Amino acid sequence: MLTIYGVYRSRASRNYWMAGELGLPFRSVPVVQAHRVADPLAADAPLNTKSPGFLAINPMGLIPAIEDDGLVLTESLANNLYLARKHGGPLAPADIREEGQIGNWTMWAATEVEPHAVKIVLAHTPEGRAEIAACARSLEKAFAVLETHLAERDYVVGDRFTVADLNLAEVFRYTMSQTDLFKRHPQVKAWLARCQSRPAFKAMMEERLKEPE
């Protein structure tokens, strides 16, 4: 069985959604970020990223981690590529060419988009604008590239929803506060709505909503 370590209000959401798309039963262990807990090492602290039990399985001290048949993996987007390769189905690459493409879009998201995106979710006056207008403009390159790629496509790879769309959608979810950025990239706007209208996404976010902020 699959075990997923991490609260839904974290990058673990990427793995909960993927598991849902694949139809996998899983066990959720709601490990909390150590900064959202007042004194992480107290006996009555919630299970968190600085707990020795958790550090024994992910020495990096970050969520998510998943454990599948003894194998522990600790990188959210890569976790998803592994689940797709393992379990197959339409979300998985169908040939070596798609594997390259899916891998390429996933790493592009991780290195060129996520770092700026996540700062916006941290940010979320003239001072609040400048810090956001900086991270917003950074993303113009990324948005433009995806926008052009989606001119004649509904999905990034193989004319169907894949793990590449799922990985990307979750990174781009961090940017949704930037209304203006989406308005000038309508193909990305349409694509992200298309990804988020899926039942397994809805059902992930409903579980997520049950955790206090």
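In this text, residue numbers run from 1 along the sequence as written.
Unmodelled stretch separating residue 124 from residue 125: 4 to 9 residues (count of deposited-sequence residues without coordinates). Comparing the deposited coordinates for 127 to 135 and 85 to 93, the stretch with the larger average C-alpha B-factor is 127 to 135. Look at the mean CA B-factor for 108 to 116 and for 138 to 146 in the entry; the higher one is 138 to 146. Among 60, 151, 34, 29, the highest C-alpha B-factor recorded in the PDB entry belongs to 34.
Highest C-alpha temperature factor among 157, 66, 38, 163 per the entry: 38. For residue 176, the recorded CA B-factor ranks within the middle third of the chain. Only modelled residues enter the ranking. In the PDB entry, residue 195 places in the lowest third of its chain by CA B-factor. Ranked against the other modelled residues of its chain, the C-alpha B-factor of residue 22 as given in the entry falls in the lowest third. Ranked within its chain, residue 7 lands in the middle third, by CA B factor from the PDB record.
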